[PDB]
Engineer: 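Just dropping this structure here.
Each chain gets a letter, A, B and so on, in the order its sequence line appears, and its residues count up from 1. Just the heavy atoms: all of them, side chains too, but no hydrogens, waters or symmetry mates, feed the values below.
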Amino acid sequence: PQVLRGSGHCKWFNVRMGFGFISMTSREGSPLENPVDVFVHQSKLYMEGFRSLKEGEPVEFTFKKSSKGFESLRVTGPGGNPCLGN
DNA sequence: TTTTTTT
């Protein structure tokens, strides 16, 4: 299960659900011709207090292909900063 | 405080 690095933005996030998706726009330091969705759980989000992503906020993350699809493993804001959230 | 794969 190879671990890759990517960036993108929050496609959507539902706080009642505790999960959402990231639209990945770069991967392994190269931009993608077409964005790819990557699953993100609230538990993976680097921030203090209650954990969420705002729609649209820019993210940096590690991910791995999973049986259910891609799975984020740790998500941060630009430059390793905390995610913004709602 | 948050239904672990869709929006």
Side-chain angles (χ1 to χ4, degrees):
Chain A
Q2 165 78 29
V3 169
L4 300 182
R5 167 52 151 216
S7 85
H9 63 260
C10 177
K11 190 191 178 174
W12 63 277
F13 194 88
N14 184 305
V15 159
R16 297 181 186 185
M17 295 186 194
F19 71 87
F21 285 82
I22 294 174
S23 193
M24 180 171 44
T25 55
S26 71
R27 182 203 206 76
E28 288 304 318
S30 297
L32 310 168
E33 170 69 31
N34 287 324
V36 161
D37 291 2
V38 167
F39 181 71
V40 56
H41 192 252
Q42 57 83 353
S43 67
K44 311 304 193 188
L45 304 180
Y46 172 60
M47 55 209 299
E48 310 280 24
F50 190 80
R51 291 181 293 273
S52 71
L53 295 169
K54 178 188 259 232
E55 265 181 4
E57 78 167 272
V59 299
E60 293 177 358
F61 57 82
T62 50
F63 71 98
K64 71 162 195 167
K65 181 173 48 274
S66 87
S67 81
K68 317 263 292 198
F70 294 103
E71 190 190 0
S72 305
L73 295 182
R74 171 164 184 270
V75 178
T76 71
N81 293 291
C83 300
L84 183 62
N86 288 318

Engineer: Just to verify, what does A:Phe13 make a ring pair (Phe, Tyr, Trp, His ring centres under 6.0 Å) with, not counting sequence neighbours?
Structural biologist: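 Applying ring pair (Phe, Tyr, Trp, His ring centres under 6.0 Å) to A:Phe13 gives none.
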Engineer: Who passes ring pair (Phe, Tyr, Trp, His ring centres under 6.0 Å) against A:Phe39, sequence neighbours left out?
Structural biologist: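 With neighbours one apart ignored, the set is A:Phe19, A:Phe21.
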Engineer: Restricting to pairs with a member in residues 43-52 of chain A, which pass salt bridge (charged side-chain N to carboxylate O under 4.0 Å, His left out), not counting sequence neighbours?
Structural biologist: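 Of all non-adjacent pairs touching residues 43-52 of chain A, none passes salt bridge (charged side-chain N to carboxylate O under 4.0 Å, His left out).
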Engineer: If you pin A:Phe13 and A:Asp37 to their nearest nucleotides in DNA chain B, which one's is more 5'?
Structural biologist: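 Closest to the 5' end, via its nearest nucleotide, is A:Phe13.
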Engineer: Restricting to salt bridge (charged side-chain N to carboxylate O under 4.0 Å, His left out), what partner residues turn up for A:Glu71, sequence neighbours left out?
Structural biologist: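 Salt bridge (charged side-chain N to carboxylate O under 4.0 Å, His left out) check on A:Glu71 returns nothing, list empty.
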Engineer: Under 4.0 Å, heavy atom to any atom of DNA chain B: which of residues 40-58 of chain A qualify?
Structural biologist: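 Per residue number, the list reads A:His41, A:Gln42, A:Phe50, A:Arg51.
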Engineer: Give the other cluster members for A:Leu84, using side-chain heavy-atom distances under 4.5 Å between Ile, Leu, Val, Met, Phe, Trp and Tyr residues; answer none if it is isolated.
Structural biologist: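 None; A:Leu84 is a cluster of one.
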Engineer: Can you name the side-chain hydrogen bond (donor to acceptor under 3.5 Å, both in side chains) partners of A:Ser43, sequence neighbours left out?
Structural biologist: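 Once residues adjacent in sequence are excluded, the partners of A:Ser43 under the side-chain hydrogen bond (donor to acceptor under 3.5 Å, both in side chains) criterion are A:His41.
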Engineer: CG/A:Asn14 to CD/A:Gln42 distance, rounded to the nearest 0.5 angstrom?
Structural biologist: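 If we round to the nearest 0.5 Å, A:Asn14:CG and A:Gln42:CD are 12.0 Å apart.
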Engineer: Counting any heavy atom closer than 4.0 Å, what does A:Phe21 reach on the DNA or RNA strands: base, sugar-phosphate only, or nothing?
Structural biologist: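 A:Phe21: base contact, heavy atoms under 4.0 Å.
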Engineer: When the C1' atoms of B:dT1 and B:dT5 are compared, how many Å lie between them, rounded to an integer?
Structural biologist: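 Straight-line distance between the two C1' atoms is 22 Å.
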Engineer: Listing request: all side-chain hydrogen bond (donor to acceptor under 3.5 Å, both in side chains) pairs with a residue in residues 21-40 of chain A, at least two apart in sequence or in separate chains.
Structural biologist: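 Applying side-chain hydrogen bond (donor to acceptor under 3.5 Å, both in side chains) to every pair that reaches into residues 21-40 of chain A, excluding sequence neighbours, yields A:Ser7-A:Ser26, A:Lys11-A:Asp37.
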Engineer: What range of DNA chain B does chain A touch, first nucleotide to last, counting atoms under 4.0 Å from its heavy atoms?
Structural biologist: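 On DNA chain B, the outermost contacted nucleotides are B:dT1 to B:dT7.
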